[PDB]
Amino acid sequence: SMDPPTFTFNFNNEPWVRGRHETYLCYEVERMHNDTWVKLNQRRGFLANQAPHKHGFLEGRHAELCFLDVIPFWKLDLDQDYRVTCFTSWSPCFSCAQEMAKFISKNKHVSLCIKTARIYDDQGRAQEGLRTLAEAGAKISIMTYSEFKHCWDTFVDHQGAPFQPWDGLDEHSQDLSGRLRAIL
């Protein structure tokens, strides 16, 4: 679980704020059991991108790559159907999106849903990767109030405090979902 200030700073969907250099990724798994999706709450977690190593030269490992690194250790049953949801503060850069597309193509027991607080630019070339991820079968969408509240409730050390939406949450979300539709 996550510090409240850490959630609030990072999942803020106002487009004019800066300094959100990190990407946070919260994940949940459901298994299909006879027409309903059943939550596997023992599999839930979150992670962030890694800082580059002190030696320089190589970039820090991206959260999306870390996430893919971890799935094999869940030891999912290849004969079963699973729905994996990521709640991401930024959407993936191009190279991560392509890696993700490749992953889901090779693992057809996994349905991927990425719900993103904000769209990451990746100097224009990120739009292409989001189209590639959608083509390989991933559902990509913008976090609304429902997703933000769920993530607060589920992944934050809230100590019983309810999710408090920031001013503009809904409008920013709606602006972003129009952008994403254009993109896809």
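Sequential numbering from 1, following the sequence displayed.
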(request) Pick between 142 to 150 and 124 to 132: the one whose mean CA B-factor in the entry is higher. (result) 124 to 132
(request) Within this chain's modelled residues, let me know which third the CA B factor of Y27 belongs to: lowest, middle or highest. (result) lowest
(message) Ranking every modelled residue in this chain by its Cα temperature factor as given in the entry, which third contains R83?
(response) lowest
(request) Place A51 in the lowest, middle or highest third of its chain's C-alpha B-factors, as listed in the PDB entry. (result) highest
(message) What third of the chain does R118 rank in for C-alpha temperature factor, lowest, middle or highest?
(response) lowest
(request) Please rank the C-alpha B-factors of the chain's modelled residues and tell me whether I71 sits in the lowest, middle or highest third. (result) highest
